[PDB]
Amino acid sequence: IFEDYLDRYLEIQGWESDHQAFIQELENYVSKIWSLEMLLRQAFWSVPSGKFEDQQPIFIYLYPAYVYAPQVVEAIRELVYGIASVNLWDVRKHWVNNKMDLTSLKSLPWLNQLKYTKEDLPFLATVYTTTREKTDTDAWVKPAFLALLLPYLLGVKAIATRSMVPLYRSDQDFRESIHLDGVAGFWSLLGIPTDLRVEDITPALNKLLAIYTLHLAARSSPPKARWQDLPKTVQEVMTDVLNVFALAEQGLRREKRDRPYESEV
Amino acid sequence: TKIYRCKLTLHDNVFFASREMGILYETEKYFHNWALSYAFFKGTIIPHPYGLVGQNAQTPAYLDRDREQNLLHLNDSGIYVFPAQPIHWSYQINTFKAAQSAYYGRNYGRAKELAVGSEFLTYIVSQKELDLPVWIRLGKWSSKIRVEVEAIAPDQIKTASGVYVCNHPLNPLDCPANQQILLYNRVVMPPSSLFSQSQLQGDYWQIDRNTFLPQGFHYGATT
Amino acid sequence: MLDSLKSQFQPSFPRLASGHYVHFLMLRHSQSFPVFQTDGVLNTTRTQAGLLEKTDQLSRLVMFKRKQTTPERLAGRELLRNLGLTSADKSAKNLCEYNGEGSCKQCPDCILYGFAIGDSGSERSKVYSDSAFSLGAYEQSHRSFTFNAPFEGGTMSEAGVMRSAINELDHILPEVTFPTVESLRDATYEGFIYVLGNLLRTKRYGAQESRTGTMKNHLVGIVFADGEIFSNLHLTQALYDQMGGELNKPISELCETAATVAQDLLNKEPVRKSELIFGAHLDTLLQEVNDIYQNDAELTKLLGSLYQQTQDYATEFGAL
Amino acid sequence: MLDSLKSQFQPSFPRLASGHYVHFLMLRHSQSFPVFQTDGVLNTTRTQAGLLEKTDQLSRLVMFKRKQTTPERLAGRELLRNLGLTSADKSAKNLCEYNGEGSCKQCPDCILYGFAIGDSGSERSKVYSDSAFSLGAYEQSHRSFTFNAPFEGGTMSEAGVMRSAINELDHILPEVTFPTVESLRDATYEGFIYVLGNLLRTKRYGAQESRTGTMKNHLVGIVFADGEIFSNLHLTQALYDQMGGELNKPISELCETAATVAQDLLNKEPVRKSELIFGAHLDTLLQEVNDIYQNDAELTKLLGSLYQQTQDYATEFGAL
C-alpha cells in the first residue's frame, strides 16, 4: 500500500509521465496508512495504545504562513521538541504585572546552539497537551491558550483539535490563522470565534487571559485552579460587565479580606 | 464558437467524498468537470433515470455509449464545461450520522464541506447559444449553487497557437491530439486527477489578457 | 381547488426525470427551543445580510437538509404503518426498516425520499430540498441553558461525593423564523398529498425531540414550474431586505410579507411557472387538505392509491 | 369511562412508533411561589402575546424543558417502590438507579421516560414533553424576596463579625397559569394510567421543592390522535387572545375557557382524532382514575401488569 501511496502523492521534478496513466486511474475507479501513522505516534510521541481519549489528547498543528526559509524550519524544530508544559499561574502573574500589555507574554521562558539536530525537520509541526484531572474544560484551557499564543509569537497558523487527521493547509486555506475544533463551552459562552484571522489574535488573547486571571482570583485555590467552574465565571461576566466586580468581591471573601488593595482597584 | 464565463456561488454547503481519512471525508477545492457537466445538463440533455439496479447501480457510465447517462451526449450537442477554479472558499467540518428510528438503539462520519461563503469560476464552450440554468445542484447533499453567467463576446476573445500556460484547471482525459502537455501540476481526485495549472503547446483562446483556454477539448478525447 | 390541480400532476411515476416541479414555500417558526447541532455547538455560517450588494455580513443559524428532511420522512413512515400499508413486524410481507439491506424497495417512502441498498437497488429522492437559514443573526437568536442531573434523593452528592452532571447547552429562541423551499419532482397527485402531509403533520426537529424542538410550519405558497426556483438563502436575504432588518414583527405579518417577496422573486428567474397558489387560494388548499388528513376513509383510499402507484413503479421501472 | 378507552390502546409496546398519540391538555396553576431557573434568574422569553388580535410582543415566564417531566417521573418511581415493583437497596434483583448504569432497563420509568447511560444502549422516552409559558407577562407574574441566614444565636453576627448571607431570589406568584400539552406515544392502557397518575399525583415543580413550588394541575382534555397537535406556545397565545389579556379571572372560568380554545385549535390540525375526552366525560374519567389510585388491590394489579408489559418489551425488543 505504501509504494502506491508515494506514486500517487510524491513528485520530484522531471520524473517521466504519460497521460496514458490517467486512463488507468479512471479504470481503477470504475486506510492502513493512517494506522501506520498512528503507530509512529505511539512509538515516537509516546502517546497511549487503546485507551487514548481518556488522556484527553488535544493536538495543535503549526502550519507555515506561506514559505519558510532554511533557518526558520530549523527554529521550529527547536520549538516542537523543546516547548515547556505551560502553567497558566505564572502566565497570569507576568500579565497582571506589566499592566495588561500582551507583548509582555513574549518574554516568558516558553522553552526547556541547536540541541535537536538529529530530529526530523517539522513540515507539520504538532504540539500536544496532557492533563491529570479528567474533565473537558480542564483539557481545553492550555490548548486554547497555546493555539492563540503560538501564532502571536511565531506568525505560524494553528489548528487545535482532538483529531489525529488535520485539515491540510494551502495558499488560501491559510485565510484564517487559527481554528479550534470543538472547544469546551466556555469558548462559545465568551462569544470568541472558533476561527480567527491574524488581526483578531490579540483581542482573543486579551479576553482569554482576562477571564483566566478573573477566574483564578475567585472560584480558585492556590494549588488547584478549579477550571471545572470556568463556564460559570464566563457566563456571569458576559451577562453584565459589573459582574467583574462581583467576582472581585468573591475573591476578597475567600481571601478573608474585607477591602481591595490599591492596585486591585 | 460561443464561450460562457460562469461564476458559481454556494447557497448551501457542498460535500463530495473526494478523499477519505478515518472518520473524516473531504471535498477537494476544485469542482471536477464531469460532475459539473451532469449538474448543468442532466435532465435537459443527458438522461436522468430515477432508479438503478444491478452492476449499473455501482459502476459509473461516463464514457459508455450503451449506457444512458453518458457525457458523450454532450460531445454531440457540441458543449464542454471545463473544471472549476476556486476564487474564494471556506471549509466547514460537520458530523453526520444514521438515525435511531426505533425506540431502542445500540454509523457516523465527518464531512469537510465547502461552505456558503464561497465562489468558483468555470467556463463552458459551445457551437450554439445555450439556455444555461441559473441554479444547479452538486455533490453528496444535492447542494444549491447560484450560477451567474456571461457570454464572452467576439470583441474580447482572440484565437492563436503556440506555447501557453493555462492558469485554469483542465482534465487530462479530455485532451485532444493537436494539443500536447509539456509541464503540469495536478490535483489528485476521483474519478480522474485534474491539472490545476499546465503548460501546453497547441491552439488557444485568449479570452482576457491573463487567461488561456485550451481549444478543442471534448469529453474523453484521450480515451 | 385541489380538484383543478389534479390536472398538473403526472398520472404515474416516470422512469426518467421530467422537469415538472411543485415547490412548497414555507416559513418554519420555532415554538420551543430547537437544537440544530453537530459536533456539540449550534450550526451557523457567515452570509451577506440581504440581496442589495451589502457590505454587511451576518452569522445566521443553519438547519441542514438532514435536520429537516428526516423528521418529515419518519413522520410519513409512521402514518403508513398506522394505516397498515407497511408494518414493523419482521414476519409480515410488508416490512420496511429505515436504511439497511432490509429497507423496502416499493413503499411510498422508499420511492419519494429514495434508497440505496447497493447492487440490490437504488432510487433518487424526488423531494429536493435545501439547508435553511435563520432570518435574524445568531447573537439575537439563541441562548445557553444550564442542565444538571442529581441523585433521585434530591441531591448532587451520593455517599458524600459529587455527581459529575452539570453542563451548558445552546438552544434556539421560540420565535425565530427559517424561510424554506421544499420541492417535489415528477409527482402524482397522491404523492403531493403525502409530502404536503409530512410538511403540515410533522412538528418536532433537531436534537432532543422528546423534550424540545417544536416548530410551526406556516406554508406561504405553492408554485408549479418548468424548473427549480430560488434558494433558501436567496429567499431569506430577500425577506431580511424587505423588512430592512426590523425583525421584531408578529408572525402573521411575517407570513404576509413572505408571500409578497416570493412573488417578487419568482418574476425574475427564467423558469416557466404553471401555477402560483398564494393568499386565499392557499388558505382554501390548506383547509381542504387538512380535511383529507382528518378523514379516515378518504386518507385510507388516497394513501392506498399512492401505494399502488409506487408498487407499480417498483415492478415496472424500479428495483422490482 | 375507562372500560371503553381500553379499546383505543395497543396490547403491548411496539419497537417502532405506530401513531397512537394520547395528548394530555393541562393548565398548571401555581399555588405557592415556584422558582423556575437556570443560570440564577427566572427563565423568561419575548413572544407575541396572542395569535390574531393582540399581536404585540410580551415577555413571559418559561417553565423550561425538563422542569415539567422530572417531577412526574420521580413521583412514579416512588410509587413503583411503594408497590414493591422496584427497590432502592443495592443487592436487590429489582434495583433502578436514576441517572446511572444500574438503571433497571425493564421498569415503567425506564420504558416510558427512557435511559441512555452506560453499556446496553439507549431508549427514547415515549412521554413527549415541552417548555411551557406563563399566560400572563413576567411583570404581572413574579416577585423578588430577600433571604437571610442569621447565626443560631438569632443575629447576623457571630463574634461581631458579620455573616454574609443576604441575597434575594425571584419567585413566580400564586394563581399564575402555565398551559401545556404533554403527549404519550404507543402506550398500553396501564401505561396511560401510570402517566396520567403522575400528572394528577405530582404536586411540586421548581427549585427548592422542600419549601416551595406547589402547583395544581387541572387536566382540561385528553385527545387520541395520529400525531402531535398544536405547540405549547400556540395554546398559550390562543388562550391569551380568547381573553384579550383580561387574565384576572377565577380558575374555573379560566379552565372552562381553555377547554373551548383547545377544541377550536384541534379542528385546524391535520390529525384523525379518535376520541376527545372533555368536560363531563373528563370529570367522570378523572373520578374513575381517582378510584384506582385510592385502592391498593386495583393499583397493585394494574401497575404490576405494566411491569410485565415493560419487562416483556425489554426482553423482546429492548436492552435484554
# chains A, B, ... in the order shown; residues from 1 in each chain; ligands from 1

call {"tool": "select_by_dssp", "arguments": {"residues": "region 82-292 of chain C", "states": "alpha helix (DSSP H)", "output": "tab-separated table (two decimals) with N, CA and C atoms, in the first residue's frame"}}
result
chain	number	residue	atom	x	y	z
C	82	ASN	N	-49.56	3.26	10.58
C	82	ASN	CA	-50.86	3.42	11.24
C	82	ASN	C	-51.93	2.93	10.32
C	108	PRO	N	-44.11	3.97	-0.24
C	108	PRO	CA	-44.09	5.36	-0.69
C	108	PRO	C	-42.85	6.12	-0.26
C	109	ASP	N	-42.38	5.88	0.96
C	109	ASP	CA	-41.14	6.47	1.46
C	109	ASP	C	-39.92	6.16	0.59
C	110	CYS	N	-39.73	4.89	0.27
C	110	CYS	CA	-38.59	4.41	-0.49
C	110	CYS	C	-38.55	5.01	-1.89
C	111	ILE	N	-39.69	5.27	-2.52
C	111	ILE	CA	-39.75	5.85	-3.86
C	111	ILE	C	-39.74	7.37	-3.88
C	112	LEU	N	-40.35	8.07	-2.93
C	112	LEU	CA	-40.35	9.53	-2.90
C	112	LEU	C	-39.10	10.14	-2.26
C	138	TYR	N	-27.46	35.17	14.62
C	138	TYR	CA	-27.25	34.18	15.67
C	138	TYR	C	-27.22	34.77	17.07
C	139	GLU	N	-26.52	35.89	17.26
C	139	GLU	CA	-26.39	36.56	18.55
C	139	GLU	C	-27.72	37.07	19.14
C	140	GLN	N	-28.72	37.28	18.30
C	140	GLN	CA	-30.06	37.74	18.69
C	140	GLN	C	-31.01	36.55	18.93
C	141	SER	N	-30.61	35.36	18.48
C	141	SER	CA	-31.49	34.25	18.10
C	141	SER	C	-31.26	32.95	18.89
C	189	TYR	N	-50.54	13.15	-8.00
C	189	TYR	CA	-51.37	13.92	-7.08
C	189	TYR	C	-51.31	13.36	-5.66
C	190	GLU	N	-51.40	12.04	-5.52
C	190	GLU	CA	-51.33	11.40	-4.21
C	190	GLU	C	-49.95	11.48	-3.57
C	191	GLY	N	-48.87	11.48	-4.35
C	191	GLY	CA	-47.53	11.77	-3.85
C	191	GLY	C	-47.38	13.19	-3.30
C	192	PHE	N	-48.00	14.16	-3.96
C	192	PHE	CA	-48.04	15.53	-3.49
C	192	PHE	C	-48.82	15.65	-2.19
C	193	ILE	N	-49.95	14.95	-2.03
C	193	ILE	CA	-50.69	14.95	-0.77
C	193	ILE	C	-49.92	14.25	0.34
C	194	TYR	N	-49.16	13.18	0.07
C	194	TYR	CA	-48.31	12.55	1.08
C	194	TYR	C	-47.22	13.47	1.59
C	195	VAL	N	-46.48	14.09	0.68
C	195	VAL	CA	-45.38	15.00	1.01
C	195	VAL	C	-45.89	16.28	1.66
C	196	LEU	N	-46.95	16.90	1.15
C	196	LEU	CA	-47.61	18.04	1.80
C	196	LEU	C	-48.17	17.66	3.17
C	197	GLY	N	-48.64	16.43	3.32
C	197	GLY	CA	-48.92	15.81	4.60
C	197	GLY	C	-47.75	15.91	5.55
C	198	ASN	N	-46.57	15.42	5.16
C	198	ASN	CA	-45.39	15.48	6.02
C	198	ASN	C	-45.06	16.90	6.46
C	199	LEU	N	-45.12	17.87	5.55
C	199	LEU	CA	-44.82	19.28	5.83
C	199	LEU	C	-45.74	19.89	6.90
C	200	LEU	N	-47.02	19.53	6.91
C	200	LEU	CA	-48.01	20.03	7.86
C	200	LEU	C	-48.18	19.15	9.11
C	201	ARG	N	-47.95	17.84	9.01
C	201	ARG	CA	-48.21	16.85	10.05
C	201	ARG	C	-47.05	16.71	11.03
C	232	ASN	N	-33.10	28.73	-0.50
C	232	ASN	CA	-33.50	29.21	0.83
C	232	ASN	C	-32.76	30.48	1.22
C	233	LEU	N	-31.46	30.53	0.96
C	233	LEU	CA	-30.62	31.67	1.30
C	233	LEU	C	-31.11	32.93	0.59
C	234	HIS	N	-31.45	32.80	-0.68
C	234	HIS	CA	-31.91	33.90	-1.52
C	234	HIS	C	-33.29	34.40	-1.06
C	235	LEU	N	-34.19	33.50	-0.66
C	235	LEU	CA	-35.46	33.87	-0.02
C	235	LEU	C	-35.24	34.57	1.33
C	236	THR	N	-34.31	34.11	2.16
C	236	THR	CA	-34.02	34.74	3.45
C	236	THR	C	-33.40	36.11	3.29
C	237	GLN	N	-32.46	36.27	2.36
C	237	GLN	CA	-31.83	37.55	2.06
C	237	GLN	C	-32.81	38.54	1.44
C	238	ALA	N	-33.78	38.07	0.65
C	238	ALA	CA	-34.85	38.92	0.16
C	238	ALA	C	-35.77	39.35	1.28
C	239	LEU	N	-36.13	38.44	2.18
C	239	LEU	CA	-37.06	38.71	3.25
C	239	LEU	C	-36.46	39.67	4.29
C	240	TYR	N	-35.17	39.53	4.61
C	240	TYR	CA	-34.46	40.42	5.52
C	240	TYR	C	-34.43	41.83	4.95
C	241	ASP	N	-34.15	41.95	3.66
C	241	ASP	CA	-34.16	43.23	2.96
C	241	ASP	C	-35.56	43.85	2.82
C	242	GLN	N	-36.61	43.06	2.62
C	242	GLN	CA	-37.98	43.61	2.55
C	242	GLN	C	-38.40	44.20	3.89
C	243	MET	N	-37.89	43.68	5.00
C	243	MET	CA	-38.08	44.22	6.34
C	243	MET	C	-37.04	45.28	6.74
C	251	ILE	N	-45.83	37.17	13.72
C	251	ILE	CA	-45.67	36.03	12.82
C	251	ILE	C	-46.53	36.11	11.57
C	252	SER	N	-47.76	36.60	11.71
C	252	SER	CA	-48.70	36.73	10.61
C	252	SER	C	-48.33	37.86	9.64
C	253	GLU	N	-47.72	38.94	10.11
C	253	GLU	CA	-47.15	40.00	9.27
C	253	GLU	C	-45.91	39.49	8.53
C	254	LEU	N	-45.16	38.60	9.18
C	254	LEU	CA	-44.01	37.95	8.59
C	254	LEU	C	-44.40	36.92	7.54
C	255	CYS	N	-45.50	36.21	7.73
C	255	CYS	CA	-46.07	35.32	6.72
C	255	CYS	C	-46.68	36.12	5.57
C	256	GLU	N	-47.37	37.22	5.85
C	256	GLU	CA	-47.95	38.07	4.81
C	256	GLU	C	-46.86	38.78	3.98
C	257	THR	N	-45.73	39.13	4.59
C	257	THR	CA	-44.59	39.66	3.84
C	257	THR	C	-43.90	38.57	3.04
C	258	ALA	N	-43.87	37.34	3.53
C	258	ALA	CA	-43.19	36.24	2.86
C	258	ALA	C	-43.87	35.88	1.54
C	259	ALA	N	-45.19	36.03	1.46
C	259	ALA	CA	-45.91	35.87	0.21
C	259	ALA	C	-45.52	36.93	-0.84
C	260	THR	N	-45.33	38.18	-0.42
C	260	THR	CA	-45.05	39.27	-1.36
C	260	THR	C	-43.62	39.25	-1.88
C	261	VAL	N	-42.63	38.90	-1.05
C	261	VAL	CA	-41.26	38.66	-1.52
C	261	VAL	C	-41.19	37.44	-2.43
C	262	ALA	N	-41.94	36.37	-2.15
C	262	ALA	CA	-41.92	35.20	-3.01
C	262	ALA	C	-42.37	35.55	-4.43
C	263	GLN	N	-43.46	36.30	-4.58
C	263	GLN	CA	-43.96	36.68	-5.90
C	263	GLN	C	-43.02	37.66	-6.61
C	264	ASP	N	-42.37	38.56	-5.87
C	264	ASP	CA	-41.36	39.47	-6.39
C	264	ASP	C	-40.15	38.73	-6.97
C	265	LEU	N	-39.74	37.62	-6.35
C	265	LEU	CA	-38.60	36.82	-6.77
C	265	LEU	C	-38.92	35.94	-7.97
C	266	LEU	N	-40.07	35.26	-7.94
C	266	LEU	CA	-40.50	34.33	-8.98
C	266	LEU	C	-40.60	35.00	-10.35
C	280	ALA	N	-55.57	33.64	-0.44
C	280	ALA	CA	-56.84	32.95	-0.32
C	280	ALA	C	-56.95	31.65	-1.15
C	281	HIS	N	-56.19	31.47	-2.23
C	281	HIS	CA	-56.13	30.16	-2.89
C	281	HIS	C	-55.32	29.13	-2.10
C	282	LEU	N	-54.31	29.56	-1.36
C	282	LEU	CA	-53.57	28.67	-0.48
C	282	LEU	C	-54.39	28.32	0.76
C	283	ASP	N	-55.07	29.29	1.38
C	283	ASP	CA	-55.80	29.04	2.62
C	283	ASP	C	-56.99	28.08	2.42
C	284	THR	N	-57.58	28.05	1.22
C	284	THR	CA	-58.53	27.00	0.83
C	284	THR	C	-57.87	25.67	0.47
C	285	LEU	N	-56.69	25.66	-0.17
C	285	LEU	CA	-55.92	24.42	-0.37
C	285	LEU	C	-55.57	23.77	0.98
C	286	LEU	N	-55.08	24.55	1.94
C	286	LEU	CA	-54.70	24.05	3.26
C	286	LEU	C	-55.88	23.46	4.03
C	287	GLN	N	-57.03	24.13	4.07
C	287	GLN	CA	-58.20	23.56	4.75
C	287	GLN	C	-58.71	22.30	4.06
C	288	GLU	N	-58.80	22.26	2.72
C	288	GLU	CA	-59.27	21.05	2.04
C	288	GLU	C	-58.29	19.87	2.07
C	289	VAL	N	-56.99	20.12	2.23
C	289	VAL	CA	-56.01	19.06	2.52
C	289	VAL	C	-56.02	18.66	4.00
C	290	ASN	N	-56.24	19.57	4.95
C	290	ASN	CA	-56.48	19.20	6.35
C	290	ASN	C	-57.70	18.29	6.50
C	291	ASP	N	-58.76	18.51	5.72
C	291	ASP	CA	-59.95	17.66	5.72
C	291	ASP	C	-59.69	16.25	5.16
C	292	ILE	N	-58.69	16.04	4.30
C	292	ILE	CA	-58.24	14.69	3.94
C	292	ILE	C	-57.57	14.08	5.16

call {"tool": "interface_residues", "arguments": {"of": "chain B", "to": "chain C", "cutoff": "7 Å", "atoms": "only C-alpha atoms", "output": "list in words"}}
result
residues 11, 12, 43, 47, 48, 49, 50, 51, 52, 53, 54, 55, 57, 58, 94, 95, 117, 143 and 144 of chain B

call {"tool": "residues_around", "arguments": {"residues": "region 21-26 of chain A", "least_positions_apart": "2", "cutoff": "9 Å", "atoms": "only C-alpha atoms", "output": "ChimeraX atom specification"}}
result
/A:17-19,28-30 /B:172-173,190-193,222-223

call {"tool": "write_last_selection", "arguments": {"atoms": "N, CA and C atoms", "output": "mmCIF file, in the first residue's frame"}}
result
data_model
loop_
_atom_site.group_PDB
_atom_site.id
_atom_site.type_symbol
_atom_site.label_atom_id
_atom_site.label_comp_id
_atom_site.auth_asym_id
_atom_site.auth_seq_id
_atom_site.Cartn_x
_atom_site.Cartn_y
_atom_site.Cartn_z
ATOM 1 N N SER A 17 6.310 10.905 -17.018
ATOM 2 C CA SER A 17 4.903 10.502 -17.008
ATOM 3 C C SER A 17 4.316 10.581 -18.424
ATOM 4 N N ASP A 18 3.360 9.711 -18.757
ATOM 5 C CA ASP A 18 2.442 9.914 -19.890
ATOM 6 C C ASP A 18 1.005 10.048 -19.381
ATOM 7 N N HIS A 19 0.134 10.757 -20.092
ATOM 8 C CA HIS A 19 -1.301 10.773 -19.796
ATOM 9 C C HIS A 19 -2.024 9.446 -20.067
ATOM 10 N N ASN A 28 -9.281 2.110 -12.718
ATOM 11 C CA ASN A 28 -9.277 1.684 -11.322
ATOM 12 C C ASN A 28 -10.478 2.224 -10.532
ATOM 13 N N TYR A 29 -10.983 3.423 -10.833
ATOM 14 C CA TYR A 29 -12.186 3.963 -10.184
ATOM 15 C C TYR A 29 -13.476 3.246 -10.600
ATOM 16 N N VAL A 30 -13.650 2.921 -11.879
ATOM 17 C CA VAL A 30 -14.836 2.213 -12.380
ATOM 18 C C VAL A 30 -15.016 0.843 -11.699
ATOM 19 N N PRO B 172 -7.068 15.969 -17.941
ATOM 20 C CA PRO B 172 -6.173 15.385 -18.910
ATOM 21 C C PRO B 172 -6.821 14.331 -19.787
ATOM 22 N N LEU B 173 -7.925 13.718 -19.360
ATOM 23 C CA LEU B 173 -8.637 12.729 -20.168
ATOM 24 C C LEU B 173 -9.322 13.318 -21.404
ATOM 25 N N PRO B 190 -10.831 11.322 -7.480
ATOM 26 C CA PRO B 190 -11.754 10.514 -8.259
ATOM 27 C C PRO B 190 -12.628 11.449 -9.111
ATOM 28 N N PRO B 191 -13.124 11.021 -10.281
ATOM 29 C CA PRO B 191 -12.809 9.776 -10.960
ATOM 30 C C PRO B 191 -11.445 9.804 -11.657
ATOM 31 N N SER B 192 -10.900 10.979 -11.924
ATOM 32 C CA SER B 192 -9.586 11.186 -12.509
ATOM 33 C C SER B 192 -9.008 12.478 -11.980
ATOM 34 N N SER B 193 -7.698 12.511 -11.791
ATOM 35 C CA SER B 193 -6.969 13.709 -11.419
ATOM 36 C C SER B 193 -7.060 14.762 -12.512
ATOM 37 N N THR B 222 -8.950 11.661 -25.061
ATOM 38 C CA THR B 222 -7.758 10.783 -24.985
ATOM 39 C C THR B 222 -8.109 9.300 -25.056
ATOM 40 N N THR B 223 -9.350 8.943 -24.748
ATOM 41 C CA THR B 223 -9.736 7.580 -24.382
ATOM 42 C C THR B 223 -10.083 6.715 -25.578
#

call {"tool": "select_by_dssp", "arguments": {"residues": "region 52-256 of chain A", "states": "strand (DSSP E or B)", "output": "count of residues only"}}
result
25

call {"tool": "interface_residues", "arguments": {"of": "chain A", "to": "chain C", "cutoff": "10 Å", "atoms": "only C-alpha atoms", "output": "list in words"}}
result
residues 135, 181, 182, 183, 184, 185, 186, 188, 189, 191, 228, 231, 232 and 235 of chain A

call {"tool": "write_last_selection", "arguments": {"atoms": "C-alpha atoms", "output": "PDB file, in the first residue's frame"}}
result
ATOM      1  CA  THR A 135     -12.708  16.904  32.515  1.00  0.00           C
ATOM      2  CA  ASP A 181     -12.224  22.191  16.593  1.00  0.00           C
ATOM      3  CA  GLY A 182     -14.880  21.846  19.279  1.00  0.00           C
ATOM      4  CA  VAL A 183     -13.628  23.771  22.360  1.00  0.00           C
ATOM      5  CA  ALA A 184     -15.328  23.400  25.694  1.00  0.00           C
ATOM      6  CA  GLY A 185     -18.361  25.540  26.054  1.00  0.00           C
ATOM      7  CA  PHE A 186     -16.523  28.343  27.947  1.00  0.00           C
ATOM      8  CA  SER A 188     -18.773  29.614  22.848  1.00  0.00           C
ATOM      9  CA  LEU A 189     -20.047  31.377  26.003  1.00  0.00           C
ATOM     10  CA  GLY A 191     -18.540  34.549  22.051  1.00  0.00           C
ATOM     11  CA  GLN A 228     -14.344  22.973  36.127  1.00  0.00           C
ATOM     12  CA  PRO A 231     -18.137  28.226  32.316  1.00  0.00           C
ATOM     13  CA  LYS A 232     -19.904  29.993  35.247  1.00  0.00           C
ATOM     14  CA  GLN A 235     -21.414  33.340  31.829  1.00  0.00           C
TER      15      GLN A 235
END

call {"tool": "residues_around", "arguments": {"residues": "residue 141 (chain A)", "least_positions_apart": "4", "cutoff": "10 Å", "atoms": "only C-alpha atoms", "output": "MDAnalysis selection string"}}
result
chainID A and resid 88 136:137 145:146 183:184 186:187 208 212 227 230

call {"tool": "interface_residues", "arguments": {"of": "chain A", "to": "chain B", "cutoff": "12 Å", "atoms": "only C-alpha atoms", "output": "PyMOL selection string"}}
result
chain A and resi 5+7-35+37-38+161+163-176+179-182+194-195

call {"tool": "interface_residues", "arguments": {"of": "chain C", "to": "chain D", "cutoff": "9 Å", "atoms": "only C-alpha atoms", "output": "NGL selection string"}}
result
:C and (31-33 or 75 or 77-82 or 87-89 or 145-147 or 149-152 or 154 or 173-175 or 197 or 200-204 or 209-216 or 248-252 or 287 or 289-296)

call {"tool": "residues_around", "arguments": {"residues": "residue 102 (chain A)", "least_positions_apart": "3", "cutoff": "12 Å", "atoms": "only C-alpha atoms", "output": "list in words"}}
result
residues 91, 92, 94, 95, 96, 97, 98, 99, 105, 106, 107, 108, 148, 149, 152, 153, 201, 202, 203, 204, 205, 206, 207, 208, 209 and 210 of chain A

call {"tool": "write_last_selection", "arguments": {"atoms": "N, CA and C atoms", "output": "short mmCIF file (atom, residue, chain, number, x, y, z; two decimals), in the first residue's frame"}}
result
data_model
loop_
_atom_site.label_atom_id
_atom_site.label_comp_id
_atom_site.auth_asym_id
_atom_site.auth_seq_id
_atom_site.Cartn_x
_atom_site.Cartn_y
_atom_site.Cartn_z
N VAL A 91 1.74 32.65 33.85
CA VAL A 91 1.30 33.44 32.70
C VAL A 91 0.37 34.56 33.14
N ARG A 92 -0.55 34.31 34.08
CA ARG A 92 -1.30 35.39 34.74
C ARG A 92 -0.38 36.38 35.43
N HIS A 94 2.75 37.32 35.19
CA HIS A 94 3.50 38.16 34.25
C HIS A 94 2.66 39.00 33.28
N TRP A 95 1.34 39.02 33.43
CA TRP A 95 0.42 39.80 32.60
C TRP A 95 -0.46 40.76 33.41
N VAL A 96 -0.80 40.40 34.65
CA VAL A 96 -1.35 41.34 35.62
C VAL A 96 -0.28 42.31 36.11
N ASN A 97 0.94 41.82 36.36
CA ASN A 97 2.14 42.64 36.34
C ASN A 97 2.41 42.99 34.85
N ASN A 98 3.09 44.09 34.53
CA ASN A 98 3.12 44.62 33.16
C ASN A 98 1.77 45.13 32.63
N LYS A 99 0.81 45.41 33.51
CA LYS A 99 -0.26 46.38 33.26
C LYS A 99 -1.07 46.08 31.99
N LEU A 105 3.99 38.87 27.24
CA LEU A 105 3.94 37.41 27.11
C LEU A 105 5.09 36.88 26.26
N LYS A 106 5.62 37.69 25.35
CA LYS A 106 6.79 37.38 24.53
C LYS A 106 8.04 37.03 25.33
N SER A 107 8.15 37.51 26.56
CA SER A 107 9.39 37.48 27.34
C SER A 107 9.50 36.31 28.31
N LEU A 108 8.41 35.58 28.58
CA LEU A 108 8.38 34.44 29.49
C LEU A 108 9.20 33.24 28.98
N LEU A 148 -3.84 30.26 20.47
CA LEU A 148 -3.79 31.70 20.22
C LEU A 148 -2.35 32.23 20.31
N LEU A 149 -1.60 31.77 21.31
CA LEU A 149 -0.26 32.25 21.64
C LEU A 149 0.75 32.01 20.53
N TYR A 152 0.82 34.35 17.66
CA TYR A 152 1.24 35.67 18.13
C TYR A 152 2.74 35.79 18.41
N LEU A 153 3.40 34.70 18.79
CA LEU A 153 4.85 34.66 18.98
C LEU A 153 5.60 34.43 17.67
N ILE A 201 -6.17 37.91 16.84
CA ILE A 201 -5.49 37.03 17.79
C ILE A 201 -5.15 37.76 19.09
N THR A 202 -4.78 39.04 19.04
CA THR A 202 -4.52 39.81 20.27
C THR A 202 -5.79 40.21 21.03
N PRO A 203 -6.90 40.64 20.41
CA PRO A 203 -8.21 40.65 21.07
C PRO A 203 -8.58 39.33 21.75
N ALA A 204 -8.33 38.19 21.11
CA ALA A 204 -8.66 36.90 21.69
C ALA A 204 -7.78 36.61 22.91
N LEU A 205 -6.46 36.80 22.83
CA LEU A 205 -5.56 36.56 23.95
C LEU A 205 -5.93 37.46 25.12
N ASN A 206 -6.30 38.71 24.86
CA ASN A 206 -6.76 39.61 25.90
C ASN A 206 -8.01 39.10 26.60
N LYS A 207 -9.03 38.63 25.87
CA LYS A 207 -10.27 38.17 26.51
C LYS A 207 -10.04 36.88 27.27
N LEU A 208 -9.17 36.01 26.74
CA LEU A 208 -8.92 34.71 27.32
C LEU A 208 -8.11 34.85 28.60
N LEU A 209 -7.08 35.69 28.60
CA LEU A 209 -6.32 35.93 29.81
C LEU A 209 -7.12 36.77 30.79
N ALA A 210 -7.94 37.71 30.35
CA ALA A 210 -8.77 38.47 31.27
C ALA A 210 -9.74 37.56 32.01
#

call {"tool": "closest_residue", "arguments": {"among": "B:206, B:180, B:44, B:33", "to": "residue 133 (chain B)", "atoms": "only C-alpha atoms"}}
result
B:44

call {"tool": "residues_around", "arguments": {"residues": "residue 219 (chain A)", "least_positions_apart": "4", "cutoff": "9 Å", "atoms": "only C-alpha atoms", "output": "PyMOL selection string"}}
result
chain A and resi 214-215+225-227+229-230+233+247+250-251+254

call {"tool": "closest_residue", "arguments": {"among": "B:80, B:103, B:31, B:15", "to": "residue 116 (chain B)", "atoms": "only C-alpha atoms"}}
result
B:15
